[PDB]
Every structure is written in structure tokens, then in C-alpha cells.
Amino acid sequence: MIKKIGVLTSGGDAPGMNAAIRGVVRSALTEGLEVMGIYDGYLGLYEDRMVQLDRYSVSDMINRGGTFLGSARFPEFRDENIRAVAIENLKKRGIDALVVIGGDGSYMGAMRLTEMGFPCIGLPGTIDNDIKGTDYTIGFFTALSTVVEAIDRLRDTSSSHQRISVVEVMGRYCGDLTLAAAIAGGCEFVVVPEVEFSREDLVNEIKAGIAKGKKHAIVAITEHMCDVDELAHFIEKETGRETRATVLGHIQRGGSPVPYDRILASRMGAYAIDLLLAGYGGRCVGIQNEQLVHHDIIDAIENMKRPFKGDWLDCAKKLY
């Protein structure tokens, strides 16, 4: 079967979500399917706030950050009774399946829907690059460029004043963004959650650099590891060089998607449709060793471990 499908964006927004939706809509249409766009992820589902999507409703969207459909958190969705009101709207709208774009929270919702007879496909949308079974997630590369662009500006100013700059990068519990940024910006030190942090190894590395004539030091550090103001104070004390802490924040979440994002989103969206049409349900799409793959949601969540990019850390240390 499957005549009509639903699409939503749930969880934290990431550049390339619009490309993904377009990817879905255009794929669907071409295959003679009808498409409903659901507002504010799962909440919109619950409240029955939807719209009919044609090919033009996804035009002028490919090079746009955010999610035109909106995103929202709806913890309640974990309650089967809430999902019962959800399913009724589905029947009542004649939706046969959905494509969900989000993180792991979103994939769980989607698993719940599948066992209730509404096959769902999950696509990775997040700048954190922390979803299992994918080398990359949509929004990663866009954030990477925002961060590096920031580090470039900081180098200019840091040089001018022979300063040390600490930069707090997003990623929550994943150091991928930090680490990649650090290589690309030629940072002097990197602090990621996956490695034990030694304030001491840091100090030594900075002084060694200073002894070598380095005019500036740039420290890349993942958020939630310490208070960057405290850390800046500590460095200034112990090194005699004025330190300045910078917290990029939410700028990392916005802006026009980079080509990698535009293209990954596009390809993923199209593969979503092909999956539904071949009868799959409760799968999460991913990109592994440059190949598009699909896994059972439960399998990916409970059975896969997020590998540590050790080879990139080794490389980082050699180019200091």
C-alpha cells in the first residue's frame, strides 16, 4: 500500500533539515505519493496541525537553515495514551507512514509508531554528530564551518595582543565538532569529553609553545567540561599571558547549509522514500564508509557504540 505519507522535524534544529524535507517531498511526488507536512514535530502530530505539501512548498528552501515545519519538545509522547490521540489523527488524515528527522529521542517515538502499524523512517538531523550508525549527521559540516570561521577571527585578534583564547564548542557529550575544529584551526590544545583532562598537560603545552615563540595559543574545548571563565583565570595565573574565553553558543545552530549538508540531506531524503516503498518500517538511515545504509532503530540505539575518533586526535598532536 502507501498512498500518502507524513514528514516532521523533532528535537534540536540543524542546517540541512529543509534540504531533507525537500528531498522527501520531491521523491514522494515523483512516485505518485501525496505528502503531509506536520508542524512542531510530535506536538503538531498530537494536536493535528498539518498542511498539504506540493512541489512548490519545498522550493527556495534548499539553501535555508532551520526547519520551516518547526520543531518542539513533547516528552508526553512517551505515554501510550498520548500516542493514542496521535494515531487517531493519522487515521483521520489518511496518513500511511512517516519520515522522521531528528536525533535518538525522535527515533524512539518512530519505533513506537511502527509497532502500532504506521511504518516510520528516521533521518539524522543534528550538529552534534552523535547518532549511532552514521559517520555523519545532517548539520555537522555546517556547524564545523561556523566554528572554524570563528577560530579564524580569533587568531587575528589573539595574534595582535599575544593572547591565549579558550573557545567553548557545542557537542554536548561528543567531541567530534571540537576535535575537527581544532585540526582545521591549528589549535594548540584540545579538550574533549572522551579523554581525561589534565589542566597540567594543558599548562605545559602552552608554555612549551610560548618558549617556542608562539604569538598566540588557541584552546578548543567541548561544553560542559568546566567553566571557561574559571579556566581562563587559571591559565592567566600560571602563564602570565592574558586569556580570553569565548562561548560560540547558538550561532553554531544556524545559517545556510554547506554543500555537504545540502547533498547528504537530499540523498537521504530520497532513500527514505525508496525504503517505505520496499516495505521497510522502523529503520534509521545513515551514511557509513561513504555508503547509504539502514538499520533497525532498536538495533542502532541499544547495540551500537559511538566510536572515538582516536586517529584524528593523534594527528592533532603531531601538527601542534
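Note that residue numbering follows the sequence shown and begins at 1.
Comparing 120-128 with 78-86, the stretch with the higher mean C-alpha B-factor in the PDB entry is 78-86.
Averaged over their C-alpha atoms, the temperature factors of 183-191 and 222-230 are higher for 222-230. If you compare the C-alpha temperature factors of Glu149, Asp176, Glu238, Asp156 in the entry, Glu238 comes out highest. When all modelled residues of the chain are sorted by CA temperature factor, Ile138 is found within the lowest third. In this PDB entry, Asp261 carries a Cα temperature factor that places it within the lowest third of its chain's modelled residues. For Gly286, the recorded CA temperature factor ranks within the middle third of the chain's modelled residues. The PDB entry assigns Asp104 a C-alpha temperature factor belonging to the highest third of its chain's modelled residues. Per the PDB record, residue ranking by Cα B-factor puts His250 in the lowest third of the chain.
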